Amino acid sequence: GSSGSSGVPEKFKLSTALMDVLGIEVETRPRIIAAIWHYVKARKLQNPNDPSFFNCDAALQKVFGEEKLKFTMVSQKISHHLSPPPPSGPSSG
């Protein structure tokens, strides 16, 4: 066992651009992916041709850089942006 969901959940610090996309600071893995799912649709970014893909608004680019992306790929895209937030207390390992 190395990675999973033991005890408290997992939160990742949003990027400057990613933060300007949704407007958060410390969220989870899904909350974000979803936050993008909603936002996208919210901004009528959703793509008709492909229900899996979605158009970019302008802030989604700086994040990915592609005109459009998949609703699932975001996971394997936002991750890179995802970072470890500031923990509370001493640490070693």
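Residues numbered from 1 in each chain as written, not as in the entry; some residues may be left out. Heavy atoms only, no water.

- Listed under the method field of the entry is solution NMR.

- The title attached to this entry in the PDB is "Solution structure of the SWIB/MDM2 domain of the hypothetical protein At5g14170 from Arabidopsis thaliana".

## Thoughts on the packing of aromatic side chains
Part 1 of the reasoning: In this structure the tally under the stated criterion is three aromatic pairs.
Part 2 of the reasoning: Look at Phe 54 and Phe 64: their rings are 6.4 Å apart centre to centre, the planes differ by 50°, and that puts the pair in the tilted class. Placement of the pair is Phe 54 in strand β3 (residues 53-55) and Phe 64 in the loop between α3 (59-63) and β4 (68-70), with a sequence separation of ten residues.
Part 3 of the reasoning: Look at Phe 54 and you get buried, because its relative accessible area is 1%.
Part 4 of the reasoning: Following the ring pairs from residue to residue traces out a cluster consisting of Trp 37, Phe 54, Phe 64 and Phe 71.
Part 5 of the reasoning: Lying across the ring of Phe 71, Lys 41 places its NZ or CZ 5.3 Å from the centre.
Part 6 of the reasoning: The ring of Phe 53 has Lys 68 lying over it, and the distance from NZ or CZ to the ring centre is 3.4 Å. (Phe/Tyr/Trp six-rings, centres within 6.5 Å; stacked < 30°, edge-to-face > 60°. Helix = DSSP H or I, 4+ residues; strand = E, 2+ residues; numbered from the N terminus. Buried < 20%, exposed > 50% of the residue type's maximum accessible area, 1.4 Å probe, protein only. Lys NZ or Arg CZ within 6 Å of the ring centre and 35° of its normal.)

## Focus: the pattern of salt bridges
Part 1 of the reasoning: Evaluation of the coordinates by the stated rule reveals two salt bridges.
Part 2 of the reasoning: With its nearest N and O atoms 3.2 Å apart, the salt bridge here joins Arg 31 to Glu 27.
Part 3 of the reasoning: Judged by relative accessible area, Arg 31 falls into the exposed class, the value being 51%.
Part 4 of the reasoning: The class for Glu 27 is buried, based on a relative accessible area of 15%.
Part 5 of the reasoning: Notably, a salt bridge pairs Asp 57 with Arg 43, separated by 3.9 Å at the nearest N-O pair. Placement of the pair is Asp 57 in the loop between β3 and α3 and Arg 43 in the loop between α2 (30-42) and β3, with a sequence separation of 14 residues. (Salt bridge = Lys/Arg side-chain N within 4 Å of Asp/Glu carboxyl O.)

## Re the environment of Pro 84
Part 1 of the reasoning: Along the chain, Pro 84 falls in the segment after α4 (75-81).
Part 2 of the reasoning: Residue classification places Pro 84 among the exposed residues on the basis of a relative accessible area of 74%.

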